[PDB]
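In structure tokens, the next block holds one chain alone, the form solved without its partner chain.
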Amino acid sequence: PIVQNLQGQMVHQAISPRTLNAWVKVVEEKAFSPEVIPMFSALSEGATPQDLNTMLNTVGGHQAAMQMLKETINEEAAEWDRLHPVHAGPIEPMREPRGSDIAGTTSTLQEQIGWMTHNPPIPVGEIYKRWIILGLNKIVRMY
């Protein structure tokens, strides 16, 4: 998540032991029944894309579902780009995120926090969560 330090700067806060413990428990009991989704939504509150990837990579078992989820995320990232055209570089010299930045694969943790705390926010955590949930909805059909 994101927290303010003693200097007043926004910086990363590691997913806590209590949050990761609960998410594992939810995965162990519910992955990937419909009931997993409200639990994921709450436990991922304030997550950066890097935190969201940590949560996804905690899922033990469910190899096939995790592959489908990844395919959905890849699709959404590419569509995001097509619906959010940008110039061939910052005119500057903050770049707009691409789909792969939103999914955490091409962006740094600092870029993620930059977007999420920009004025107005470019809510890359919330956007990635929407793609993840689209995927979870597809996967519930296997369960």
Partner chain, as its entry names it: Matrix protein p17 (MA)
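Positions refer to the first chain, counted from 1.
The same protein also has a form solved in complex with its partner chain, omitted here; what follows describes it.
Interface membership of residue 134, defined by any non-hydrogen atom within 4.5 Å of its partner chain in the deposited complex, is ruled out.
When contacts are judged by a 4.5 Å heavy atom cut-off, residue 100 does not count as touching its partner chain in the deposited complex. Heavy atoms of residue 57 reach within 4.5 Å of its partner chain in the deposited complex, making it an interface residue. Not displayed here, its partner chain is kept clear of residue 69 by more than 4.5 Å at the level of heavy atoms in the deposited complex.
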